[PDB]
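Taking the form deposited in one PDB entry, here's one chain by itself in structure tokens.
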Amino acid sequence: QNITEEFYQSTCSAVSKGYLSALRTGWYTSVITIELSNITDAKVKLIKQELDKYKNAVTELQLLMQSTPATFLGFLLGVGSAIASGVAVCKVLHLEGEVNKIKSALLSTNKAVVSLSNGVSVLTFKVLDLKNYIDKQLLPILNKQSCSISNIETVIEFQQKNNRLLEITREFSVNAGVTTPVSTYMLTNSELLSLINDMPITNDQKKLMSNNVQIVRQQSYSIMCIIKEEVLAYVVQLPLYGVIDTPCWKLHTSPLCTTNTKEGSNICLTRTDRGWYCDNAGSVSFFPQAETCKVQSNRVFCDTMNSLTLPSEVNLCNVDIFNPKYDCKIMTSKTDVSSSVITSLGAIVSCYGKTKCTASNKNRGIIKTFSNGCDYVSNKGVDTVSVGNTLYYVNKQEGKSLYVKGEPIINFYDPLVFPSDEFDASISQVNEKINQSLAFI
């Protein structure tokens, strides 16, 4: 879609809009199972060697489940427990008879829904029947001939089928029974798509999930659960996207300082509310660590667990940081160091002191030299930006940028009553302290 950007010279910040939301709001828990089997010449020795790998993988996973499974403004977030729902389901599976309900449900099929004893309705999947393979092809060789008649084409095939159990067990072993993202050994591409289609969700969610399998995997958990009655079962916890196609925008901020000659006499100010914003249910979901969100074209995948829910008036800070309805968050300092923030469609440059700051093009080199202050350049005709010894490549996606001129608000502050070293502050709090200092003077 249309991605557009606006740079606010007055506050050294830029907003990228045109994105659409896909917010993980909930969890779907599915129970994936693998049916187990309970149990010389060159080719048989390889079968016994592979069968040993199988026996020890089972013993390994049994040992691993002795315990129940577990695992600027970011400091404002709450603290969730990401696998609480999957662990709850996995707890129900240890209740007696519960494992047998699943074993029975998938006797004649590989996909089935099971209502568990506490009422939970979960999709169930038998992805590998080692029970049947071992019990139909390897058992005859090991007992009827007394380890005599065998062919190497079954050795090859057994290694293939056993490999996935060996890899699932490897992942759980280096991860204490909880893995994320969910690999293709836990759930192949075909199985996951099939799982998504049989999921009880909207057609929009199914299309969205199927066209972004790779993101679904990164937002999912595999929780190793139980081995009981020749059934190996792990819970796969999949994201529920309850907010889809609402507007999102990305706020980029950079330090705004005065540019006086005498070093140390300068005051700085930085908008601290940078991160991803998405309209959500009459409020705005604010993600202060924009690295928690994944962007695919103009779709942005975030997790509400790493969000604050803010009044929509928080948007007014971009056009009017002095607006009377939301108290815009800033931090203050006297550290006027140079840096750049690469935005979606351009680059913000905070250039101070003796720093060389330029913007270049691929074939012609330097096309703009920044003066001291906070400035911006759009990615049209620019390929790189240089601040000091640091070269930044700019994003080269299509979209129009608008440069909104305005006097930098740092000019409105008297440096001799300016409160420096304020981090979790706001426009009004800074004024509150300035008036108190001006009172005592």
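C-alpha atoms forming the largest set that superposes within 1.5 Å between two forms make up the rigid core. Numbers for residues come from their place in the sequence shown, where the first is 1.
Below, we turn to the form deposited in another entry, even though it does not appear here.
Enquirer: Give the option from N411, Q397, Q49, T390 whose C-alpha shifts by 2 Å or more between the shown form and the other one; the alignment is on the rigid core.
Expert: With the rigid core superposed, the residue that stands out is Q49.
Enquirer: Would you say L116 moves its Cα by 2 Å or more between the shown form and the other one, aligning on the core?
Expert: Stays below the 2 Å threshold, so no.
Enquirer: For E157, is the CA shift between the shown form and the other one at least 2 Å following rigid-core superposition?
Expert: Yes, the C-alpha moves 2 Å or more.
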